[PDB]
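Each remark here refers to the structure printed beneath this line.
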Amino acid sequence: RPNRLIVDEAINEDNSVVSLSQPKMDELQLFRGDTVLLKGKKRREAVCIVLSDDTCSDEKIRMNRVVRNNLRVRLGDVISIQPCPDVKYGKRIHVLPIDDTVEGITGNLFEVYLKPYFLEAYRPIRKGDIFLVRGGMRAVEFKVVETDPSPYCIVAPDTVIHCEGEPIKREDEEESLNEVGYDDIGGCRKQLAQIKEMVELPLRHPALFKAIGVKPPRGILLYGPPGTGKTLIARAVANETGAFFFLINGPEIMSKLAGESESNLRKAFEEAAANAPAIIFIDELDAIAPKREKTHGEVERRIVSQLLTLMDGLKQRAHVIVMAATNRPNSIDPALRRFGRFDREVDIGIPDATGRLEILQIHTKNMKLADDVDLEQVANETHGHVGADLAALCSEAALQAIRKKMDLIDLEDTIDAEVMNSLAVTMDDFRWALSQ
Amino acid sequence: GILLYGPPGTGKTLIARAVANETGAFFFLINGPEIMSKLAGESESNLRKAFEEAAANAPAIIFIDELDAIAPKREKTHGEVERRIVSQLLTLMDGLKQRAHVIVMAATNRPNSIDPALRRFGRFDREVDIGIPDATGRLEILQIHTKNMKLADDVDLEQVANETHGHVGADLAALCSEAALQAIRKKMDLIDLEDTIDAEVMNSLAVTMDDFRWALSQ
Amino acid sequence: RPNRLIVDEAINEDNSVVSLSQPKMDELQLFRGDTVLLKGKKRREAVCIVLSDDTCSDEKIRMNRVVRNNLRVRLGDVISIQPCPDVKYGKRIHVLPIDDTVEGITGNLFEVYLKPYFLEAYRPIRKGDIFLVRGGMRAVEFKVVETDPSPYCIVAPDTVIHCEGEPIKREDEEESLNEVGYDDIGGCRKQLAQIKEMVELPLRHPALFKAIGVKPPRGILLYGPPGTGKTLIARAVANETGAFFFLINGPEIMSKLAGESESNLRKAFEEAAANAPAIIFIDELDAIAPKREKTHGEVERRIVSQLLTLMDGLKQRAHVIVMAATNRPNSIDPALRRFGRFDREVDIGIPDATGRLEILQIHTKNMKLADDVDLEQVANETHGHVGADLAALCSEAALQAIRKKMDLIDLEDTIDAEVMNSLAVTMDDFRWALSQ
Amino acid sequence: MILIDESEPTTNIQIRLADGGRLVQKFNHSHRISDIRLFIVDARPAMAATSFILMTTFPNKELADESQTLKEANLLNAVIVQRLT
Amino acid sequence: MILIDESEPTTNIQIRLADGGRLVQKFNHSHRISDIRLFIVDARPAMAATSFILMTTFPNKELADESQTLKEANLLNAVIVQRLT
Ligand SMILES: Nc1ncnc2c1ncn2[C@@H]1O[C@H](COP(=O)(O)OP(=O)(O)O)[C@@H](O)[C@H]1O
Ligand SMILES: Nc1ncnc2c1ncn2[C@@H]1O[C@H](COP(=O)(O)OP(=O)(O)O)[C@@H](O)[C@H]1O
Ligand SMILES: Nc1ncnc2c1ncn2[C@@H]1O[C@H](COP(=O)(O)OP(=O)(O)O)[C@@H](O)[C@H]1O
């Protein structure tokens, strides 16, 4: 009952580290830097380093998705913690990459990923763990196949780290870390918090709305300029809550024959309801249901009507939440903003300078930055910029880095799809990009 | 024909449904958007089937929710199938004499939002305004939407009445709903930890004035 | 020196208390609740109780205006502190009211103000102190004429308090506490802070701008809806910084004959410059200098031109700052925002719920509130309200309290211009006012 | 008459006596407020009989639970006022 | 061999020895980090000659100034790792 904690979002970006409140570690008698054994759902375990966090609630533990995945749990779930005093320096570990994360990677896995990742870090690992290593503008996942002291150990300087070839297949319950999570969203702290509240009960405790007769929100309208990460938020909320996600793209619907549009809307809601709890995301809502006057067609008006009908046809409906994105409130038909429909709105504004920095770190996680690269400075020269602008900036910076090195590489032959790990993006690359 | 007018969420659907139930009449709902979502022709076929089924099961009430979706201001229609639908509606209603004893009720935002030919003499000739509720009304609505909740002693509905002037019934129902869901979230961390009674313990749970304050400022 | 500190604004509303940082009291070896002796300008002293404050800078001391006045200093000045171990329980003190604060007051003074103010509080006082006592919807000032252990003591339960007859005249350097100060402004923390920065050097260290060639701000435009306290801010900044204040009322100027307007603008700037450092406040700027097209007159266009000229005619100007209030930026002639003119803008917005609370406390300082009065509640039901609305609310509440008591008083004769001290404003009074 | 473990944290307390501006100052540490009372009686024998209470000022707070430690009652380096009763 | 003043604040330290996953655990208090070193030599005499350093992990910090107190070096209730050199 004291060793049981509620899973919460990581502040420490290192996948090995989980965080407790100072008081809680006191209570549990855990050493700062101790190896701890976490127990999750489906009889899964993880081993991690525990550290204190001042901002962590006494009843919560902070962990990165990597560890949440390994424990088959989600934010808000309950795990148990306990010290691991017996843990030995491992003699030898065997790791293999997951196939889908290594397509196109023609590097030396050990030299490029594993060696730097483990070097002098004293990471604990447990057999059957999936961990993530970033580098060369990619992020590779590995599964731990065997540890010498089984089933867990510390990878000490003397621990022999084996791959021994042949990427492995991804099992069903093993969610890719390439999936969108709250980890991939910068500069939306406040709004992301509201959306999480709205959705918590309906998506994580659906059994409740069979036991009671109170109405949770059904439709949430995310507003703000293009490139602000509305699609990202919806996708992330789905993934994190373990809900089914169904995308409806405005233009894709409107591209269809009169009738195949309405048929596609219907199939979307049916499939959602079938796979509930679920989120339906309607990207570019104004393409489908623009201001009542802006429609000229007759089949156009039939489509909007079909959407209103489908919204109304959602009670608890096995627990389906509809999210939709648009530029401005008044860009869409005021009838979707009616009651049993898009009755909740959230404004995803332009990010501030702090947000810009979070976005820049998110979009550089897999790059090697030279020491002269500031990011806080790039934050400061990009006042107008939205997430999509910053991502493009990092992308342009990196491609410039690559071009500079491309003449040099062609000449002393063309390593090409490799030396991308030795390559570093320099502040000069960002300046080049910042003035384009 | 009785035309109920007023802003969304004032309980026009509720009134029509209630009058049906209380008088033991058959109730047939026609939803504007639902009709307009149909293929040209399947609309008119659906209007017809509605009046036929009403008349078959009389005494009956037909409620037309969101009338302006079906029969908007004569100019606002651009379609040709759109104009056929409005005509079809005029025909069906004027074709209901004393009928098998069938009354037609319809809701809309404003008088002027719909085709004036519907406010005709043999058709929607009676209009009734369902306005924004006053502070007394707000209180009745708040009690209605709390009947099945356990309220703490510190909960003052009359207070919540007073800070919700603009609110219509649909707003107040959402308020109570948000209050209750907040009560539940507060208790959800506590419950997950000492295991998850979950779809129970909701009877021992009480919604507190703090829950309403939280909801009132959202 | 360690005993020298910089004067700063009070958090603790009790006039007897000054606040130091925890570290500073440590350093100075002062007891929490100790009587301390403060030394100011013009050979003035004050005695006060010292308490710690978490938010107070180590080099700053927080004190109310009352004590700033007694020490003849202003925010930012330097005082010296020292413990007062010798301070005795006083045998007898003699106090008299200042004439201008007691006009209309036909009460006991001792029973209504002094007795409750001193009762069991253990206030230190020094001969020649002016202190303030609030009550009966007034605030009365008293001067300490004599203390038995001279020149200071503690007013202990056994201390005899004399106030035998004859209000005294106000000396020249003795500023009324009825003057507007920062303590009269609620819910503007951020903006009031900016304005104070802008004005600090030009108004408090004017000699600097003769020693250097850097340009301080000249014109500050305060915008926001009516009743937000723009006039209040300007008046307060003047008072607090000891600058001369000159009011120009838009309508008053425009009410004059063509020519007597321009003559009045000129006289205003001349008189300011003559009495610098000075603030000129232009209330209702849009009455004088509306959007270039909105003027239809020809004398109207001459007036706006005359204003631009007068702004430009302010060089080092000795040290004259022009402040002006308007509803919106776009309501006034854009040439006023040109560089040498109104080049600084500050938005005085609608107050939030915390601000609303500060305003409600400010406008109730002199009332007796019943225990059932919850200002935080009144804060919550007044979302749209601006300062001027809240002040009206308190005023309506108080007048309702008085009407309720007026039938009772007329009948058993009419104490009338008294008994207003025993009267208490109840939550029922505020509800009544809140629905009017 | 009062014993101070010099190995333990320590603090000074200034006692404002009602019997005139009597300013007594004494070192203590994890002593109880009741130890302040004892010290007062010790220093002014005459008061062994007299009825009094201890409080802080600004605001007035009566130190009602004398079993509390100076640390617990947040009285480190504080002025304590004796009020007759 | 290590002397603990029971009347002072105390703490446990866990040492991860290089030489295998040797986990030693010991009460200390206002001891210096250099006291951890002598405790280590005391418990594994062989290391008396061997050259090693003490560090924390996540992030790696080498405890370079061994004259610092466990409290000053923020090492209360910490795992200290021995790295050979
Ligand atoms: N807040 C953000 N944090 C991180 N990346 C972002 C953010 N906003 C946008 N991006 C990046 O730009 C891309 C475009 O964003 P998208 O989800 O399509 O937003 P929208 O739907 O508002 O256009 C995202 O996939 C992501 O790579
Ligand atoms: N007067 C009212 N009394 C009780 N509940 C009301 C009232 N008005 C609205 N509501 C609530 O709002 C919900 C939605 O209103 P609805 O019946 O659709 O009215 P309208 O058709 O005018 O929007 C109702 O189901 C009910 O829960
Ligand atoms: N922020 C405030 N704090 C305290 N009182 C305020 C505040 N704003 C307005 N008031 C009160 O309302 C009156 C109206 O404010 P005023 O100075 O005329 O503002 P404005 O110049 O913006 O119209 C003030 O004199 C004051 O008594």
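In the structure tokens, each chain is lettered A, B, ... as it comes, each chain's residues begin at 1, and ligands are numbered from 1 in order of appearance.
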
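Any residue of chain E with an atom no more than 12 Å from chain D counts as a contact; using only C-alpha atoms, that gives residues 5, 6, 7, 8 and 9 of chain E.
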
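In this comparison, chain E was overlaid on chain D using all C-alpha atoms paired by position, and the resulting RMSD is 0.1 Å.
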
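Ranking A:156, A:98, A:109, A:79 by their shortest atom-to-atom distance to chain E, with only C-alpha atoms included, puts A:156 first.
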
Checklist entry - Got a sec to check which residues lie within 6 Å of ligand 2, using only C-alpha atoms and all ligand atoms, and send them as a ChimeraX atom specification? => result /B:8-14,141,169-170,173

Just write the chosen residues, N, CA, C and O atoms, as a short mmCIF file (atom, residue, chain, number, x, y, z; two decimals), in the first residue's frame.
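Below is the file result.cif, written as the result:
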data_model
loop_
_atom_site.label_atom_id
_atom_site.label_comp_id
_atom_site.auth_asym_id
_atom_site.auth_seq_id
_atom_site.Cartn_x
_atom_site.Cartn_y
_atom_site.Cartn_z
N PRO B 8 -30.75 27.78 -28.57
CA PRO B 8 -30.49 26.35 -28.36
C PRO B 8 -30.33 26.07 -26.87
O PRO B 8 -29.78 26.88 -26.12
N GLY B 9 -30.82 24.90 -26.46
CA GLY B 9 -30.56 24.37 -25.12
C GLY B 9 -31.59 24.84 -24.09
O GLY B 9 -31.34 24.76 -22.88
N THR B 10 -32.71 25.39 -24.58
CA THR B 10 -33.78 25.87 -23.73
C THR B 10 -34.80 24.79 -23.37
O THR B 10 -35.73 25.04 -22.61
N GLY B 11 -34.68 23.60 -23.96
CA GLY B 11 -35.52 22.44 -23.64
C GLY B 11 -36.79 22.31 -24.49
O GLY B 11 -37.82 21.83 -24.01
N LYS B 12 -36.72 22.73 -25.76
CA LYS B 12 -37.86 22.60 -26.66
C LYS B 12 -38.14 21.13 -26.97
O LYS B 12 -39.28 20.69 -26.89
N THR B 13 -37.10 20.34 -27.26
CA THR B 13 -37.29 18.92 -27.50
C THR B 13 -37.93 18.27 -26.27
O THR B 13 -38.76 17.37 -26.38
N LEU B 14 -37.47 18.72 -25.10
CA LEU B 14 -37.87 18.14 -23.84
C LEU B 14 -39.36 18.38 -23.64
O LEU B 14 -40.09 17.46 -23.24
N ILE B 141 -33.99 24.07 -12.63
CA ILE B 141 -33.20 23.27 -13.54
C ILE B 141 -32.06 22.59 -12.78
O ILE B 141 -31.78 21.41 -13.00
N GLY B 169 -30.94 26.12 -19.81
CA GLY B 169 -31.00 24.78 -19.25
C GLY B 169 -29.82 23.90 -19.67
O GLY B 169 -29.23 23.20 -18.84
N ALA B 170 -29.44 23.94 -20.95
CA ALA B 170 -28.42 23.02 -21.41
C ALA B 170 -27.07 23.32 -20.73
O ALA B 170 -26.28 22.41 -20.52
N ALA B 173 -27.19 21.97 -17.11
CA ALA B 173 -27.06 20.53 -17.04
C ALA B 173 -25.59 20.17 -17.22
O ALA B 173 -25.08 19.27 -16.57
#

Checklist entry - How would you write, as a PyMOL selection string, the set of residues no farther than 9 Å from ligand 1 when counting only C-alpha atoms and all ligand atoms? => result chain A and resi 180+183-188+222-235+283-284+325-327+348+350-351+355-356+358-360+362-363+386-392

Item to check | Proximal residues of chain A relative to chain B (only C-alpha atoms; 8 Å) as a ChimeraX atom specification | outcome: /A:1,4-6,76-78,201,205,207-208,210-211,214-216,296-298,302-306,308-309,338-339

Kindly export the residues of the current selection with N, CA and C atoms, as a PDB file, in the first residue's frame.
ATOM      1  N   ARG A   1       0.859  -1.228   0.000  1.00  0.00           N
ATOM      2  CA  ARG A   1       0.000   0.000   0.000  1.00  0.00           C
ATOM      3  C   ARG A   1       0.877   1.253   0.000  1.00  0.00           C
ATOM      4  N   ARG A   4       2.906   1.155  -3.596  1.00  0.00           N
ATOM      5  CA  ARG A   4       2.068   1.289  -4.814  1.00  0.00           C
ATOM      6  C   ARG A   4       1.959   2.766  -5.194  1.00  0.00           C
ATOM      7  N   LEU A   5       2.359   3.118  -6.415  1.00  0.00           N
ATOM      8  CA  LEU A   5       2.359   4.500  -6.871  1.00  0.00           C
ATOM      9  C   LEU A   5       1.629   4.617  -8.211  1.00  0.00           C
ATOM     10  N   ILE A   6       1.209   5.854  -8.513  1.00  0.00           N
ATOM     11  CA  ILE A   6       0.510   6.211  -9.734  1.00  0.00           C
ATOM     12  C   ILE A   6       1.502   6.744 -10.768  1.00  0.00           C
ATOM     13  N   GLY A  76      -1.423   7.256 -15.171  1.00  0.00           N
ATOM     14  CA  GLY A  76      -2.566   7.162 -14.274  1.00  0.00           C
ATOM     15  C   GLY A  76      -2.743   5.751 -13.708  1.00  0.00           C
ATOM     16  N   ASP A  77      -2.079   4.763 -14.325  1.00  0.00           N
ATOM     17  CA  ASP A  77      -2.112   3.397 -13.836  1.00  0.00           C
ATOM     18  C   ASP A  77      -1.305   3.263 -12.543  1.00  0.00           C
ATOM     19  N   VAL A  78      -1.313   2.053 -11.973  1.00  0.00           N
ATOM     20  CA  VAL A  78      -0.650   1.840 -10.702  1.00  0.00           C
ATOM     21  C   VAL A  78       0.414   0.765 -10.844  1.00  0.00           C
ATOM     22  N   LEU A 201     -11.626  10.369 -17.728  1.00  0.00           N
ATOM     23  CA  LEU A 201     -12.659   9.434 -17.325  1.00  0.00           C
ATOM     24  C   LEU A 201     -13.199   8.677 -18.535  1.00  0.00           C
ATOM     25  N   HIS A 205     -11.514   5.207 -17.842  1.00  0.00           N
ATOM     26  CA  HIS A 205     -12.475   4.516 -16.983  1.00  0.00           C
ATOM     27  C   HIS A 205     -13.824   4.461 -17.686  1.00  0.00           C
ATOM     28  N   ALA A 207     -16.000   2.102 -17.999  1.00  0.00           N
ATOM     29  CA  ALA A 207     -17.000   1.329 -17.274  1.00  0.00           C
ATOM     30  C   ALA A 207     -17.877   2.234 -16.403  1.00  0.00           C
ATOM     31  N   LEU A 208     -17.384   3.437 -16.121  1.00  0.00           N
ATOM     32  CA  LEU A 208     -18.067   4.357 -15.233  1.00  0.00           C
ATOM     33  C   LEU A 208     -19.369   4.814 -15.864  1.00  0.00           C
ATOM     34  N   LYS A 210     -21.400   3.478 -17.722  1.00  0.00           N
ATOM     35  CA  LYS A 210     -22.409   2.433 -17.728  1.00  0.00           C
ATOM     36  C   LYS A 210     -23.046   2.376 -16.336  1.00  0.00           C
ATOM     37  N   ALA A 211     -22.315   2.863 -15.319  1.00  0.00           N
ATOM     38  CA  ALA A 211     -22.726   2.802 -13.921  1.00  0.00           C
ATOM     39  C   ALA A 211     -23.479   4.067 -13.495  1.00  0.00           C
ATOM     40  N   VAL A 214     -24.127  10.596 -15.913  1.00  0.00           N
ATOM     41  CA  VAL A 214     -23.640  11.945 -16.165  1.00  0.00           C
ATOM     42  C   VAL A 214     -22.946  11.949 -17.523  1.00  0.00           C
ATOM     43  N   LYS A 215     -23.044  13.071 -18.240  1.00  0.00           N
ATOM     44  CA  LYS A 215     -22.598  13.178 -19.616  1.00  0.00           C
ATOM     45  C   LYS A 215     -21.180  13.749 -19.678  1.00  0.00           C
ATOM     46  N   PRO A 216     -20.197  12.973 -20.203  1.00  0.00           N
ATOM     47  CA  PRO A 216     -18.839  13.469 -20.405  1.00  0.00           C
ATOM     48  C   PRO A 216     -18.851  14.281 -21.697  1.00  0.00           C
ATOM     49  N   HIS A 296     -21.791  26.208 -51.553  1.00  0.00           N
ATOM     50  CA  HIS A 296     -22.613  26.570 -52.693  1.00  0.00           C
ATOM     51  C   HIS A 296     -23.315  25.309 -53.197  1.00  0.00           C
ATOM     52  N   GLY A 297     -22.661  24.147 -53.048  1.00  0.00           N
ATOM     53  CA  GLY A 297     -23.188  22.896 -53.566  1.00  0.00           C
ATOM     54  C   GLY A 297     -24.470  22.463 -52.854  1.00  0.00           C
ATOM     55  N   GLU A 298     -25.095  21.409 -53.375  1.00  0.00           N
ATOM     56  CA  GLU A 298     -26.243  20.824 -52.706  1.00  0.00           C
ATOM     57  C   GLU A 298     -25.777  19.532 -52.044  1.00  0.00           C
ATOM     58  N   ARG A 302     -25.518  18.433 -47.982  1.00  0.00           N
ATOM     59  CA  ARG A 302     -25.860  17.101 -47.516  1.00  0.00           C
ATOM     60  C   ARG A 302     -24.742  16.529 -46.634  1.00  0.00           C
ATOM     61  N   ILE A 303     -23.478  16.841 -46.939  1.00  0.00           N
ATOM     62  CA  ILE A 303     -22.350  16.279 -46.192  1.00  0.00           C
ATOM     63  C   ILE A 303     -22.339  16.866 -44.777  1.00  0.00           C
ATOM     64  N   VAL A 304     -22.510  18.195 -44.666  1.00  0.00           N
ATOM     65  CA  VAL A 304     -22.511  18.860 -43.379  1.00  0.00           C
ATOM     66  C   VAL A 304     -23.630  18.278 -42.522  1.00  0.00           C
ATOM     67  N   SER A 305     -24.825  18.157 -43.113  1.00  0.00           N
ATOM     68  CA  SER A 305     -25.964  17.588 -42.415  1.00  0.00           C
ATOM     69  C   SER A 305     -25.630  16.200 -41.922  1.00  0.00           C
ATOM     70  N   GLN A 306     -24.938  15.424 -42.745  1.00  0.00           N
ATOM     71  CA  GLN A 306     -24.612  14.053 -42.396  1.00  0.00           C
ATOM     72  C   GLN A 306     -23.711  14.048 -41.165  1.00  0.00           C
ATOM     73  N   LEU A 308     -23.531  16.535 -38.692  1.00  0.00           N
ATOM     74  CA  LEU A 308     -24.395  16.853 -37.560  1.00  0.00           C
ATOM     75  C   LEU A 308     -25.148  15.594 -37.093  1.00  0.00           C
ATOM     76  N   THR A 309     -25.759  14.849 -38.010  1.00  0.00           N
ATOM     77  CA  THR A 309     -26.521  13.657 -37.656  1.00  0.00           C
ATOM     78  C   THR A 309     -25.638  12.682 -36.898  1.00  0.00           C
ATOM     79  N   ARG A 338     -22.967  23.487 -31.657  1.00  0.00           N
ATOM     80  CA  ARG A 338     -24.232  23.353 -30.897  1.00  0.00           C
ATOM     81  C   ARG A 338     -23.960  22.545 -29.641  1.00  0.00           C
ATOM     82  N   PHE A 339     -25.007  22.011 -29.030  1.00  0.00           N
ATOM     83  CA  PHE A 339     -24.805  21.373 -27.709  1.00  0.00           C
ATOM     84  C   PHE A 339     -24.242  19.958 -27.835  1.00  0.00           C
TER      85      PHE A 339
END

Next on the checklist: I'd like the neighbourhood of residue C:275 as a VMD selection string, where a residue qualifies if any of its atoms comes within 12 Å (using only C-alpha atoms), though same-chain residues fewer than 6 positions away should be ignored.
Outcome noted: chain C and resid 203 242 to 246 268 to 269 317 to 321

Item to check | All strand (DSSP E or B) positions in chain D, as JSON, numbers by chain | outcome: {"D": [11, 12, 13, 14, 15, 16, 17, 22, 23, 24, 25, 26, 27, 28, 32, 52, 53, 54, 55, 56, 61, 62, 69, 78, 79, 80, 81, 82, 83, 84]}

Can I get the selection written as a short mmCIF file (atom, residue, chain, number, x, y, z; two decimals), in the first residue's frame, with N, CA and C atoms?
data_model
loop_
_atom_site.label_atom_id
_atom_site.label_comp_id
_atom_site.auth_asym_id
_atom_site.auth_seq_id
_atom_site.Cartn_x
_atom_site.Cartn_y
_atom_site.Cartn_z
N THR D 11 18.79 28.64 20.52
CA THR D 11 18.12 29.90 20.11
C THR D 11 18.02 30.83 21.30
N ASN D 12 17.82 32.12 21.05
CA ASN D 12 17.63 33.09 22.15
C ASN D 12 16.17 33.53 22.15
N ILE D 13 15.59 33.73 23.33
CA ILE D 13 14.18 34.20 23.44
C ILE D 13 14.17 35.47 24.28
N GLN D 14 13.50 36.51 23.80
CA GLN D 14 13.34 37.76 24.58
C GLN D 14 11.95 37.72 25.20
N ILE D 15 11.86 37.85 26.52
CA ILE D 15 10.55 37.75 27.21
C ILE D 15 10.14 39.15 27.66
N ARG D 16 9.03 39.64 27.13
CA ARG D 16 8.51 40.95 27.57
C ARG D 16 7.60 40.67 28.75
N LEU D 17 8.03 41.09 29.93
CA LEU D 17 7.25 40.81 31.15
C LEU D 17 6.17 41.88 31.29
N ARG D 22 10.06 44.78 31.59
CA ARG D 22 11.12 43.83 31.97
C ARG D 22 11.51 43.05 30.72
N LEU D 23 12.72 43.29 30.22
CA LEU D 23 13.21 42.57 29.02
C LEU D 23 14.19 41.50 29.49
N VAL D 24 13.74 40.26 29.61
CA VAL D 24 14.68 39.16 29.95
C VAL D 24 15.02 38.42 28.66
N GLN D 25 16.30 38.10 28.45
CA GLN D 25 16.73 37.33 27.26
C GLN D 25 17.47 36.08 27.71
N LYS D 26 17.12 34.92 27.16
CA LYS D 26 17.73 33.65 27.61
C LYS D 26 17.90 32.68 26.43
N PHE D 27 18.94 31.86 26.47
CA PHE D 27 19.19 30.83 25.44
C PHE D 27 18.39 29.58 25.77
N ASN D 28 17.94 28.85 24.75
CA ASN D 28 17.18 27.59 24.93
C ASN D 28 17.47 26.73 23.71
N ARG D 32 10.54 23.31 25.74
CA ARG D 32 9.12 23.47 25.55
C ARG D 32 8.78 24.92 25.92
N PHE D 52 -0.66 34.08 34.72
CA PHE D 52 -0.26 34.73 33.48
C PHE D 52 -0.23 33.75 32.32
N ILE D 53 -0.13 34.28 31.10
CA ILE D 53 -0.12 33.49 29.89
C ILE D 53 1.00 34.02 28.97
N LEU D 54 1.43 33.22 27.99
CA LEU D 54 2.48 33.68 27.09
C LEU D 54 1.92 33.81 25.67
N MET D 55 2.31 34.88 24.98
CA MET D 55 1.79 35.11 23.64
C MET D 55 2.83 35.79 22.76
N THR D 56 2.62 35.68 21.45
CA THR D 56 3.29 36.53 20.48
C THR D 56 2.35 37.65 20.04
N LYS D 61 -1.28 36.01 19.38
CA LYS D 61 -1.50 34.57 19.42
C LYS D 61 -1.11 34.14 20.83
N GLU D 62 -2.06 33.50 21.50
CA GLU D 62 -1.85 32.95 22.82
C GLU D 62 -1.18 31.59 22.64
N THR D 69 7.36 22.43 21.49
CA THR D 69 8.76 22.81 21.47
C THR D 69 8.91 24.18 20.80
N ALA D 78 12.40 34.56 18.94
CA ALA D 78 11.15 35.28 19.03
C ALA D 78 11.08 36.13 20.30
N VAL D 79 10.19 37.13 20.30
CA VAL D 79 9.82 37.86 21.49
C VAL D 79 8.56 37.20 22.01
N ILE D 80 8.56 36.84 23.29
CA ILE D 80 7.39 36.27 23.93
C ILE D 80 6.90 37.28 24.96
N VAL D 81 5.59 37.52 24.96
CA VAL D 81 5.03 38.54 25.82
C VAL D 81 4.22 37.83 26.90
N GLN D 82 4.47 38.25 28.14
CA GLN D 82 3.72 37.78 29.30
C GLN D 82 2.48 38.64 29.49
N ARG D 83 1.30 38.00 29.46
CA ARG D 83 0.05 38.70 29.72
C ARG D 83 -0.59 38.16 31.00
N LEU D 84 -0.80 39.07 31.98
CA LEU D 84 -1.43 38.74 33.25
C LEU D 84 -2.87 38.25 33.02
#

Next on the checklist: Residues near residue E:50, anyone? I mean within 10 Å using only C-alpha atoms, not counting same-chain ones fewer than 4 positions away, as a VMD selection string.
Outcome noted: chain E and resid 41 45 to 46 84 to 85

Take the selection from the previous step and output its residues with N, CA, C and O atoms, as a PDB file, in the first residue's frame.
ATOM      1  N   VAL E  41      38.767   0.992   1.839  1.00  0.00           N
ATOM      2  CA  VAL E  41      40.064   0.363   2.065  1.00  0.00           C
ATOM      3  C   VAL E  41      39.973  -0.586   3.267  1.00  0.00           C
ATOM      4  O   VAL E  41      40.410  -1.730   3.209  1.00  0.00           O
ATOM      5  N   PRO E  45      40.882  -4.526   2.024  1.00  0.00           N
ATOM      6  CA  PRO E  45      42.296  -4.201   2.154  1.00  0.00           C
ATOM      7  C   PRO E  45      43.044  -4.193   0.824  1.00  0.00           C
ATOM      8  O   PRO E  45      43.875  -3.343   0.629  1.00  0.00           O
ATOM      9  N   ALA E  46      42.735  -5.146  -0.043  1.00  0.00           N
ATOM     10  CA  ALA E  46      43.465  -5.254  -1.321  1.00  0.00           C
ATOM     11  C   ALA E  46      43.477  -3.904  -2.033  1.00  0.00           C
ATOM     12  O   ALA E  46      44.474  -3.611  -2.712  1.00  0.00           O
ATOM     13  N   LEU E  84      37.616   2.444 -11.034  1.00  0.00           N
ATOM     14  CA  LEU E  84      39.054   2.194 -11.102  1.00  0.00           C
ATOM     15  C   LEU E  84      39.743   3.226 -11.995  1.00  0.00           C
ATOM     16  O   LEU E  84      39.139   3.751 -12.923  1.00  0.00           O
ATOM     17  N   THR E  85      41.015   3.499 -11.689  1.00  0.00           N
ATOM     18  CA  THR E  85      41.806   4.471 -12.424  1.00  0.00           C
ATOM     19  C   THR E  85      43.280   4.028 -12.415  1.00  0.00           C
ATOM     20  O   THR E  85      44.014   4.379 -13.371  1.00  0.00           O
TER      21      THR E  85
END

Checklist outcome for this item: atom CA of residue A:96 sits from atom CA of residue A:176 at a separation of 15.0 Å

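Residues with any atom within 10 Å of residue D:20, counting only C-alpha atoms and excluding same-chain neighbours fewer than 6 positions away, are residues 88, 89, 90, 91, 156 and 158 of chain C.
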
Store the residues of this selection in a file with N, CA, C and O atoms, as a compact mmCIF listing (two decimals), in the first residue's frame.
# COMPACT_ATOMS: atom_id res chain seq x y z
N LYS C 88 10.58 50.94 26.89
CA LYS C 88 9.84 50.69 28.12
C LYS C 88 8.34 50.71 27.83
O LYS C 88 7.88 51.36 26.89
N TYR C 89 7.56 49.97 28.62
CA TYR C 89 6.12 50.14 28.60
C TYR C 89 5.82 51.56 29.04
O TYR C 89 6.31 52.02 30.05
N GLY C 90 5.05 52.30 28.23
CA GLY C 90 4.88 53.71 28.50
C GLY C 90 3.92 53.93 29.66
O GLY C 90 3.00 53.13 29.85
N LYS C 91 4.15 55.01 30.43
CA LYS C 91 3.21 55.35 31.50
C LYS C 91 1.99 56.06 30.91
O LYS C 91 0.87 55.70 31.24
N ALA C 156 1.30 49.78 26.33
CA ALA C 156 0.93 48.54 27.00
C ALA C 156 -0.45 48.70 27.60
O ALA C 156 -0.94 49.82 27.73
N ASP C 158 -1.59 49.07 30.38
CA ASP C 158 -1.65 49.99 31.51
C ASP C 158 -1.27 51.41 31.11
O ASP C 158 -1.27 52.29 31.96
